[PDB]
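Residue numbers (the deposited numbering), protein chains in the order written: chain BM, 1 to 196; chain Bf, 1 to 92.
All C-beta atoms in this analysis are idealised placements derived from N, C-alpha and C, irrespective of residue type, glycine included.
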RNA sequence: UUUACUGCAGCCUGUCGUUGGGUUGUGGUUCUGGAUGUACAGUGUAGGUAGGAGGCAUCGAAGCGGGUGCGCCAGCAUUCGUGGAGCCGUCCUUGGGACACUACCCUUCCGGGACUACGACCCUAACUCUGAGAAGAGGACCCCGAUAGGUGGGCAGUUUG
RNA sequence: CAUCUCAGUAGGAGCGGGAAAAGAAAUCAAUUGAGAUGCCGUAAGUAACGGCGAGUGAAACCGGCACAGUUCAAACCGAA
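Rendered as structure tokens:
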């Protein structure tokens, strides 16, 4: 075989708790816990994951690590009249996934960029960590790049907030075609949010 | 009241009068894989469960004596509309 | 309002994740030294059920010490030794099983070595509190996420013909 | 009246353009076929759900409008 080192990074991260990544995870969550919500990083933790998701080593491509709490939609008990069905909220998790929460927090932190994609990079009993790739549509490098210059279009702005990333489409139910996508494509709002 | 354990009567299957043994019918356990059980498990969530939170009702003063008549020849059983008695026994 | 109905918060508690490293106590995981197997007597221990018979030996076959496997201080393997012939059975010790050194997986044997679920204790290194910090105190507990049961007019919606 | 309905409605928060979203099958079919997406008609108050009560409620096929296909990650080269 002649495999790339991206393949080895993939194998190492296939079962991370059974590889050296578990120990690295042990030292590394110590540093990550001390960090805040949204941290810029020089290089992706999983280079092969970043490159397959669209990361390139060029000007205007930023990579960030976002920390998100665990569990479901931390929800308030209603204080007025409700049905019994609508009174309970503890078991009500949201419809917004943790990955998309992290993507949207990164987008909020970086107003001038657009979220491309994100990937899981760690988690503990309280937090999950994601790495979000962002693109600068106003950088000349990105403008020249013909595989990324679609992001300079007026419709590519607000991708993470409008659900246009891969995680957003998965949460919208458009990851598949055919049966089960009757109330999801072309949009959740198009069918009165009855899908999902 | 007493009914004989065995007596000669009509078998609907072999279409003759043969000896038949009477057996009291015991109510079986409800399957957990029935459609109503699956619907109950599907409608269990937060809040009232609808008809699946109903408490079972009361009882009549007397229940019917559920009996089953097995032909001694073809070994097939049929069950007929049954009487209603406080005290039931088999004559032997 | 409540020991009306049905729920929901809060709280109590089991389990999973967070969550690591040691010491022992508990189950078999897995296998070395023996196939250790024996109503009746045995020349002889069914050398597992077996080609219902057929191979070894002073270059090894025994009557002995607390008898190294075992056991009825018998007897098979020749070992620490010294004593100077255990055959297979068509004389089957009139058979619970009747027996050739022939790839022993099998009720034992206790190196149980190695992973495992529960429980007890210890360590710090995660994690938590204090401090500006050195550091101090706790510590895989607690908090927290999820799930399971309880308690629950604290709160909600109703009913009370 | 509690599941249900009202209804993912009302209302809220975020993003955002002249349109937006979707979009080139890990699809739909059924014995063998079709061939991106969207929208309209139909399927049809059908299948399905439901104190199987009240009610809620598709899609595919098919007929149309308009039609459009492609770019990365990797393999090979190695700053070209």
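Chain Bf has a Cβ within less than 7 Å of the Cβ of residue 91(BM). For secondary structure counted as the alpha helix (DSSP H) over 4 or more consecutive residues, the region 155 to 190 of chain BM holds these complete runs in sequence order: 159 to 162, 166 to 172. Proximity of chain BM to residue 65(Bf) at the Cβ level (cut-off 8 Å) is not reached, the minimal Cβ distance being about 42 Å.
Residue state for residue 52(BM) is assigned as helix, using DSSP reduced to three classes. Per DSSP, the unbroken beta strand (DSSP E) holding residue 40(BM) starts and ends at 38 to 41. By the neighbour-count criterion, in which a residue is buried when 16 or more other Cβ atoms sit within 10 angstroms of its Cβ, residue 129(BM) is buried. One finds nothing in chain BM with a Cβ atom closer than 7 Å to the Cβ of residue 18(Bf); even the nearest lies about 56 Å away. Spatial neighbours of residue 80(Bf) in its own chain (CB-CB distance under 8 Å, excluding positions within 5 residues in sequence) are listed in chain order as 67, 69. In this structure, the alpha-carbon of residue 92(Bf) lies about 17 Å from that of residue 9(Bf). A residue is called buried once 16 or more other Cβ atoms fall within 10 Å of its Cβ, and residue 112(BM), having fewer, is exposed.
With respect to the 7 Å criterion, residue 33(Bf) and residue 85(Bf) are not classified as neighbours on the basis of their beta carbons.
For residue 3(Bf), none of the residues of chain BM pass the 9 Å Cβ criterion, the least Cβ distance being about 50 Å.
At least one beta carbon of chain Bf lies nearer than 7 Å to the beta carbon of residue 88(BM).
For the pair residue 145(BM) and residue 139(BM), the Cα-to-Cα distance works out to about 10 Å. If you draw a 10 Å sphere on the C-beta of residue 29(Bf), you find fewer than 16 other C-beta atoms in it, and that means exposed. Counting only residues of its own chain and dropping the five nearest sequence neighbours on each side, residue 109(BM) has a CB closer than 6 Å to the CB of 38. Between residue 114(BM) and residue 141(BM), the CB-CB gap reaches or exceeds 7 Å.
Non-local beta-carbon contacts of residue 7(BM) in its own chain, meaning distances under 8 Å to residues more than five positions away in sequence, involve 48 in chain order. The beta-carbon separation of residue 32(BM) and residue 173(BM), rounded to 32 Å, does not stay under the 8 Å limit for a contact.
Within the DSSP secondary-structure output, residue 69(BM) pairs in a beta bridge with 127(BM).
Only residues of its own chain outside the window of five on either side were considered, and among them 91 have a CB closer than 6 Å to the CB of residue 4(Bf), listed in chain order. Taking 7 Å as the CB threshold, residue 47(Bf) lines the interface with chain BM.
CA-to-CA, the gap between residue 90(BM) and residue 64(Bf) works out to about 47 Å.
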